[PDB]
């Protein structure tokens, strides 16, 4: 019948980062036509496959790279009996046995599958808790360009990145950032979870922002207030700077959900230099009243001065971190 639980504290990020997600197996993103002696049909569609299907094992053999199919295509022609490889749909394994045609120009065989092995993106680091070195970034799920389903994580990594310029566009929406991944390929964290609330990993060594590198308390949504707030993000080189914003509206979500705050960009400098929210600000953290309250997750389709944010506690849950202050052993 006693009292006294402690408060959880994270360090705001704001650094521009590159994100590389290595999918489990390889990811089928679509289907492809190959030349048949008589008629024209595609094996994968007939075999029993669809966009977003992950081909973890080819005839019982696990695949870890795009190059892994190169020995398989020649070998598949020779035996020519069936391709019985197993796919993974959601959490359900699916086994389809189908046979390879050929590509006329090269003179080699074809599989008729369009496939990709990874996803790549520029975003913003949201926070890291120091004792566990764990970090949360992006605030939203990473998806495939064509399938629009989530990349299932084998592993992944993050890197420093830079904003080299902002370019006006005569045709289309005007303001666009051009960003620079790290060709030194220094992996500062790994990625162990691609989630609706973001990508969560362990950092190699603590990072710095030179603006807000002191652990702050984290808020529940009932504590969010309409009105001024602040964000952290990079608009020149790799320097993280504060930007005045406003919580236009805030919902006290009673279960995990995506768009718990509506936001408005009111800082003049950002309003000039980007017009508001633009690409790479996907993990940029939102600080109100000395508390980290969330991350920038969306721009309005037709309003770059307004957007959405995700409440911090759904990110913290996904990251294994208890927000009530409890601590796990070892």
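Numbering follows the first chain given and starts at 1.
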Stretch with higher mean Cα temperature factor, 205-213 vs 140-148, is 205-213
Comparing 28-36 with 290-298, the higher average Cα temperature factor in the PDB entry belongs to 28-36
Highest CA B factor of 199, 94, 115, 235, as deposited, is found at 94
Per the deposited B-factor column, the C-alpha that peaks among 190, 154, 223, 81 belongs to 81
In terms of its chain's C-alpha B-factors, the third that includes residue 170 is the highest
Chain thirds by Cα B factor, record data; residue 183 belongs to the highest
By the entry's values, the third containing the CA B factor of residue 219 is the lowest
On the chain's distribution of Cα B-factors, residue 240 falls within the third called middle
Split the chain's modelled residues into thirds by Cα B-factor; residue 126 lands in the lowest
